[PDB]
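Q: For reference, the structure I am asking about is given below.
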Amino acid sequence: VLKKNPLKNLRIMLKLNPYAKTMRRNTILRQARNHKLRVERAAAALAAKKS
Amino acid sequence: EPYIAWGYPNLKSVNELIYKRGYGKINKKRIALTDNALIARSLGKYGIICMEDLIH
Amino acid sequence: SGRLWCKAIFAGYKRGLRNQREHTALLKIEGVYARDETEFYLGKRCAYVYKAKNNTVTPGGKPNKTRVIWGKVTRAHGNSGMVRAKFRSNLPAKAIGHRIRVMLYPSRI
Amino acid sequence: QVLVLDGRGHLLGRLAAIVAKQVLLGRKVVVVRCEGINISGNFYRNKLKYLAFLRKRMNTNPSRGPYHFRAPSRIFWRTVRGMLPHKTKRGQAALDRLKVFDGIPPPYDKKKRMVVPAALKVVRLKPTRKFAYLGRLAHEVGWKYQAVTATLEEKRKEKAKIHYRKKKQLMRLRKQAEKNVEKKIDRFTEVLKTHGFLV
Amino acid sequence: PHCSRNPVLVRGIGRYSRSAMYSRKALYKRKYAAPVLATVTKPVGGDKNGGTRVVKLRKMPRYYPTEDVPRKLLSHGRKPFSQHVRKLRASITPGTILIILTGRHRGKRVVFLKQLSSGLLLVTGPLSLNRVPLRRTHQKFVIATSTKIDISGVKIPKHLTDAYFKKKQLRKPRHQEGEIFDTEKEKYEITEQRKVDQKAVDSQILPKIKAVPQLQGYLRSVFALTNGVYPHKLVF
RNA sequence: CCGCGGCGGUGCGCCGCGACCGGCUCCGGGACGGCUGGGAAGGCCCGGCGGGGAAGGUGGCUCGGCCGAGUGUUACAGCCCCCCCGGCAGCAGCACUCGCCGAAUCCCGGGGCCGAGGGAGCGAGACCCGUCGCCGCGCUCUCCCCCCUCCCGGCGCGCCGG
RNA sequence: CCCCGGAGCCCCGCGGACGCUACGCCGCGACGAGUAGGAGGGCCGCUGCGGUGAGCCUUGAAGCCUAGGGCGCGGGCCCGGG
RNA sequence: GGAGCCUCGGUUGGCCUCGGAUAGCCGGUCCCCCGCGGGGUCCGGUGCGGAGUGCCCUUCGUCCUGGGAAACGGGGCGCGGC
Ligand SMILES: [Mg+2]
Ligand SMILES: [Mg+2]
Ligand SMILES: [Mg+2]
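Chains as they are written, first to last, in PDB author numbering: chain C, 313 to 363; chain F, 139 to 194; chain f, 2 to 110; chain O, 5 to 203; chain E, 38 to 72, 84 to 284.
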């Protein structure tokens with residue numbers, strides 16, 4: 313068998329450890345969530361600067 | 139001492155070493171841990187049944 | 002109607018001091034002198050273009066005396082904007098200090 | 005396609021280093037006004053250093069032994085020869101590109117000639133340090149033609165001063181010409197300073 | 038035949054879960070309680097005396113070779129070119145300008161029209177200006193200049209596709225041996241449909257290009273590297 | 001013979017592309033943790049409390065046109081600085097890159113390079129072939145609705161019905 | 001709730017390779033300096049004998065020579081022409 | 001002017017002050033001295049050098065016709081003199 317590297321090859325990671333799927337589903341969403349919230353702070357800071 | 143570098147590995151270090159370069163000793167043949175069927179077959183008599191268990 | 006290739010000199014082979022590794026040319030591309038200025042040129046087609054006694058064929062052309070050895074700039078070689086190449090055959094050594102043409106045409110631009 | 009480098013104000017080995025690599029990469033170079041090359045370290049220092057080199061001779065037959073060239077051009081050639089693989093074919097080919105002159109003769113006396121600022125004395129030396137003109141050095145070790153090389157260069161500088169005066173005269177008329185014409189080159193001259201010249 | 042009830046988050050990661058999907062797809066309520085010899089398989093025909101005849105579709109062969117190669121190994125993810133996904137440098141947008149680097153139309157400047165099915169570019173340096181017709185090119189042998197014409201509302205013919213811009217001639221046998229056979233034929237003739245297509249397209253572009261001052265003259269000109277100017281330094 | 005139909009091996013010679021995987025080397029983005037629950041900073045200013053350099057000051061002298069410039073002395077604050085009490089949201093290892101250590105507290109996208117190396121179909125009336133494990137999903141055998149609209153159909157480019 | 005001379009097959013215990021010179025064939029790991037010295041294998045090479053090739057040979061053997069074509073890691077070998 | 005072996009490298013040009021560096025470059029002299037220039041003083045500009053090699057010059061499709069701005073410039077390996 314060829315060793316596909318788990319850390320690059322998503323489905324190999326999942327084969328060896330299926331809980332990866334969730335862990336990576338979280339920490340896309342989590343990071344997006346927080347990225348949105350940073351824009352919202354930045355918009356409030358611009359509004360406070362305009363005021 | 140003057141023949142080695144060593145110290146206290148991170149969590150991530152234990153993962154990266156095990157996933158990228160994790161090879162079983164399975165009937166004395168270095169064999170790459172491609173599935174848990176390998177780990178289990180050998181270490182399952184200890185409650186260790188997957189890569190994750192191994193890391194823990 | 003003019004020149005569609007950037008000039009470069011064949012520096013010589015990739016080599017240690019006392020072991021030259023002939024399978025890898027080094028290429029001093031004209032006008033670039035920083036392992037910085039040289040991400041343009043990575044993966045570009047390059048021609049050692051030379052002529053010889055007997056005639057040859059020529060793609061979309063009548064038989065000629067010019068011949069070429071094609072190659073490809075692979076990676077940047079040391080700080081001062083030299084570049085590594087690798088050619089479909091190794092370069093002659095006759096070639097040292099002569100032109101090789103670095104094309105534009107595997108472009109990412 | 006050819007370097008011409010005014011060897012004045014440069015440093016002997018410092019210039020030679022740079023010239024060697026140019027020459028090895030197939031660049032044809034010319035090095036001019038070699039007597040004007042100047043060598044770090046106080047004069048006397050370097051005279052002895054040369055005089056030592058003179059002492060080096062093949063005892064049994066000097067006629068074979070290390071040929072000590074006097075002319076500053078040949079000296080500078082010697083030091084560039086010391087930084088090439090000149091026993092090889094490629095090394096010998098390399099030197100054949102290099103072309104050195106005491107003073108500045110007729111092809112290159114009407115060519116603009118560069119200056120290697122990485123070999124230049126004003127840059128590479130502390131101002132309180134001492135140095136030697138390779139001319140003086142050459143002269144005292146037996147170079148025959150200092151004075152001749154001086155008398156020919158006074159001609160050249162006089163001849164050149166004239167050229168510059170005429171050049172200046174054109175430049176001046178050209179500055180006047182633009183001012184004469186600057187309503188019928190106005191919407192050209194505008195576009196050459198949107199993309200950022202003329203400023 | 039509903040679409041994908043979870044969207045894509047990342048290639049290979051759906052937005053939702055197993056559990057959200059069970060509720061979305063509604064596996065609750067969608068529970069499916071469900072508890084040769086004589087007769088010849090596939091031959092059969094007609095025929096006269098004696099009776100009817102049983103033929104055999106796909107009849108076993110009349111020659112076996114002495115040795116032959118033995119299968120392969122399935123191999124997972126190896127699509128044919130047609131089923132491939134097609135990329136495009138973000139630089140190259142419709143109605144942008146290219147410098148075609150390789151062919152006979154070499155260094156010539158051009159307008160980009162569309163990416164065909166293939167993944168090739170469709171191109172026109174309006175035949176009129178440049179002497180470059182409706183023509184395919186590759187992303188990879190083209191420099192995407194930072195100069196655009198606004199080409200939005202030009203109806204490029206639907207019928208012009210990869211399949212049309214495709215070389216044509218030459219079949220197998222004929223007289224063959226001697227000093228003849230398809231060394232002649234000689235010329236690719238332009239055809240009239242091709243000329244009509246060009247005429248139609250160029251007119252929509254050609255006004256649009258002109259609106260930009262000097263652009264036609266730029267599109268006449270040819271690109272080439274002079275002294276002191278290095279690709280890596282300059283921009284296009 | 002024309003089909004280049006289906007499968008199998010191939011290319012005369014020189015070429016190029018494409019996508020998939022392996023191993024690399026880079027690039028660009030973002031999201032987090034911990035600390036003297038970071039240190040400094042910024043911003044708003046208020047009330048005090050001292051100390052220092054040394055000042056819109058004064059003074060000896062000098063240099064220029066009462067003013068500007070250059071030294072010198074005692075030193076308050078009307079140039080600042082520093083300590084001490086008390087209090088505000090703007091901070092955030094901060095693109096005002098002033099000084100860290102990291103990642104189950106971590107992800108995404110992109111470029112250059114080298115390589116593909118194996119071959120679980122040799123049945124006589126019924127495949128010359130899939131595929132194992134993993135991902136999920138996606139779909140359906142459940143009904144709903146909404147939108148956009150590509151093909152086609154209808155009505156007035158617009159609207160309505162795969 | 002039935003029989004493979006017919007379930008149609010990813011498993012088939014009814015019969016079994018394209019494969020099986022079993023001194024054969026195939027798969028997984030690991031490793032590979034070497035004098036003196038030791039051992040193994042040489043479808044490497046020379047000359048003669050018993051067998052054996054219904055071998056080859058005046059329609060040209062051996063040897064010799066060859067900027068001809070190849071094979072083998074190599075000892076060597078095979079073909080073309082003379 | 002025609003063919004025809006061979007040896008190759010090349011793939012816009014740059015037709016120039018002198019020099020300085022704890023300094024330079026350009027102007028213009030109203031004014032003075034020397035042989036249109038040279039030297040001086042004075043004044044006015046530039047100086048991380050735009051009268052910049054971080055530069056300049058040159059253009060890179062061919063033709064047609066029928067307007068504008070620019071317009072006497074280019075050529076005939078055009079021809080004789082200084
Ligand atoms: Mg050994
Ligand atoms: Mg031995
Ligand atoms: Mg050529």
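From the three backbone atoms N, C-alpha and C, an ideal C-beta is built for every residue, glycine too.
Between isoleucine 79 of chain O and the rest of its own chain, which residues show a CB-CB distance below 7 angstroms, the 5 nearest in sequence each way excluded?
A: The residues are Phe73, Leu138 and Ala142.
Q: Roughly how many angstroms separate the alpha carbons of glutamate 139 of chain F and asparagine 329 of chain C, rounded to a whole number?
A: Cα to Cα, the separation comes out at about 37 angstroms.
Q: Of the residues f:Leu43, f:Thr67, f:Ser81 and f:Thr25, which one's Cα is nearest the Cα of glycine 32 of chain f?
A: Closest by alpha carbon: f:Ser81.
Q: Can the beta-carbon of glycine 173 of chain E be found less than 7 angstroms from the beta-carbon of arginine 134 of chain E?
A: Against a cut-off of 7 angstroms, the Cβ pair of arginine 134 of chain E and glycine 173 of chain E comes out as no contact.
Q: With 8 angstroms as the C-beta to C-beta threshold (strictly closer), list the residues of the segment 67-95 of chain O near chain f in chain order.
A: Per Cβ criterion, the list reads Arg94.
Q: How big is the Cα-Cα spacing for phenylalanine 189 of chain E and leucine 149 of chain E?
A: In a straight line, the C-alpha of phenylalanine 189 of chain E is about 5 angstroms away from that of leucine 149 of chain E.
Q: Hey, would you say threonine 25 of chain f sits closer than 7 angstroms to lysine 63 of chain f, going by beta carbons?
A: In this structure, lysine 63 of chain f does not lie closer than 7 angstroms to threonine 25 of chain f by Cβ.
Q: Mind checking if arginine 4 of chain f is an interface residue toward chain E, Cβ cutoff 7 angstroms exclusive?
A: Yes - at least one Cβ of chain E is within 7 angstroms of the one on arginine 4 of chain f.
Q: Among O:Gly200, O:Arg59 and O:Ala20, which has the Cα closest to the Cα of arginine 12 of chain O?
A: Answer by Cα proximity: O:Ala20.
Q: For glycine 107 of chain O and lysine 73 of chain f, I'd like the C-alpha separation in whole angstroms.
A: The alpha-carbon atoms of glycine 107 of chain O and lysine 73 of chain f are separated by roughly 45 angstroms.
Q: Hey, would you say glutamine 246 of chain E sits closer than 7 angstroms to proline 205 of chain E, going by beta carbons?
A: Taking 7 angstroms as the Cβ cut-off, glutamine 246 of chain E and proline 205 of chain E do not qualify as a contacting pair.
Q: Quick one, are the C-beta atoms of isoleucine 101 of chain f and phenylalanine 11 of chain f less than 7 angstroms apart?
A: It is a contact, given that the beta carbons lie within the stated cut-off.
Q: Just list the residues that DSSP pairs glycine 162 of chain F with in beta bridges.
A: Beta-bridge pairing links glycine 162 of chain F to F:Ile169.
Q: What do you get for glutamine 187 of chain E, buried or exposed, if any count of 16 or more other CB atoms within 10 angstroms of its CB means buried?
A: Flag for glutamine 187 of chain E reads buried.
Q: So, is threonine 334 of chain C buried or exposed, given that buried needs 16 or more other C-beta atoms within 10 angstroms?
A: Answer is exposed; the Cβ neighbour count stays below 16.
Q: Under the rule that 16 or more other beta-carbon atoms within 10 Å means buried, what is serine 77 of chain O, buried or exposed?
A: Result: buried.
Q: Pairs of beta-carbons, one from the segment 193-203 of chain E and one from the segment 128-148 of chain E, closer than 8 angstroms: are there three or more?
A: The answer is yes - the segment 128-148 of chain E touches the segment 193-203 of chain E, with three or more Cβ pairs under 8 angstroms.
Q: Would you report the Cα separation of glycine 44 of chain f and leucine 105 of chain f, rounded to the nearest angstrom?
A: Cα-Cα distance, rounded: 10 angstroms.
Q: Contact between the segment 147-161 of chain E and the segment 2-20 of chain f is defined here as three or more beta-carbon pairs at a separation below 8 angstroms; is this criterion met?
A: Yes, they touch.
Q: Could you give the C-beta distance for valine 158 of chain E and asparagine 178 of chain E, rounded to a whole number, given that I count them as a contact under 8 angstroms?
A: That belief holds up - the Cβ atoms of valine 158 of chain E and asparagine 178 of chain E are roughly 7 angstroms apart, short of 8 angstroms.
Q: Short check: CB of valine 195 of chain O to CB of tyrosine 112 of chain O, under 7 angstroms?
A: Contact flag unset, no.
Q: Residues of chain E with CB under 9 angstroms from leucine 322 of chain C, in chain order?
A: What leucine 322 of chain C touches in chain E: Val47, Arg48, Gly49 and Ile50.
Q: Would DSSP call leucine 273 of chain E helix, strand or coil?
A: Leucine 273 of chain E: coil per DSSP, three-state reduction.
Q: List, in chain order, every chain F residue whose beta-carbon is nearer than 8 angstroms to that of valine 313 of chain C.
A: Per Cβ cutoff of 8 angstroms: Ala170 and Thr172.
Q: So with Cβ pairs under 7 angstroms, would you call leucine 29 of chain O a contact of chain f?
A: It does: the Cβ of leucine 29 of chain O has a partner Cβ on chain f nearer than 7 angstroms.
Q: Verify the CB distance criterion: does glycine 155 of chain E have a CB-CB separation below 7 angstroms to chain f?
A: Chain f, which has a Cβ nearer than 7 angstroms to the Cβ of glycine 155 of chain E, makes this yes.
Q: Restricting to Cα atoms, I'd like to know which of O:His199, O:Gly17, O:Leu28 and O:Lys179 is closest to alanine 98 of chain O.
A: The shortest Cα separation from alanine 98 of chain O among O:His199, O:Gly17, O:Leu28 and O:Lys179 belongs to O:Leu28.
Q: By DSSP, does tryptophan 81 of chain O sit in helix, in strand, or in coil?
A: Residue state, collapsed to three classes: helix.
Q: State the beta-bridge partners of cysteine 188 of chain F as determined by DSSP.
A: Partner(s): none; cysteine 188 of chain F has no beta bridge.
Q: Counting contacts by CB-CB distance shorter than 7 angstroms, is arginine 337 of chain C in contact with chain E?
A: Interface residue, yes.
Q: How would you label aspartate 37 of chain f, buried or exposed, when you count the other beta carbons within 10 angstroms and need 16 or more for buried?
A: Exposed, since its Cβ has fewer than 16 Cβ neighbours within 10 Å.
Q: Between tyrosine 141 of chain F and ligand 4, is the CB less than 6 angstroms from at least one heavy atom?
A: As for ligand 4, it is missing from this structure, which binds only ligand 1, ligand 2 and ligand 3.
Q: Give a yes or no on whether 7 angstroms exceeds the smallest Cβ distance from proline 330 of chain C to chain F.
A: Not one chain F Cβ lies under 7 angstroms of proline 330 of chain C.
Q: Which runs of the beta strand (DSSP E) spanning at least 3 residues fall entirely within the segment 3-53 of chain f, listed in chain order?
A: As far as the segment 3-53 of chain f is concerned, its whole beta strand (DSSP E) runs of at least 3 residues are 7-16, 21-30 and 46-52.
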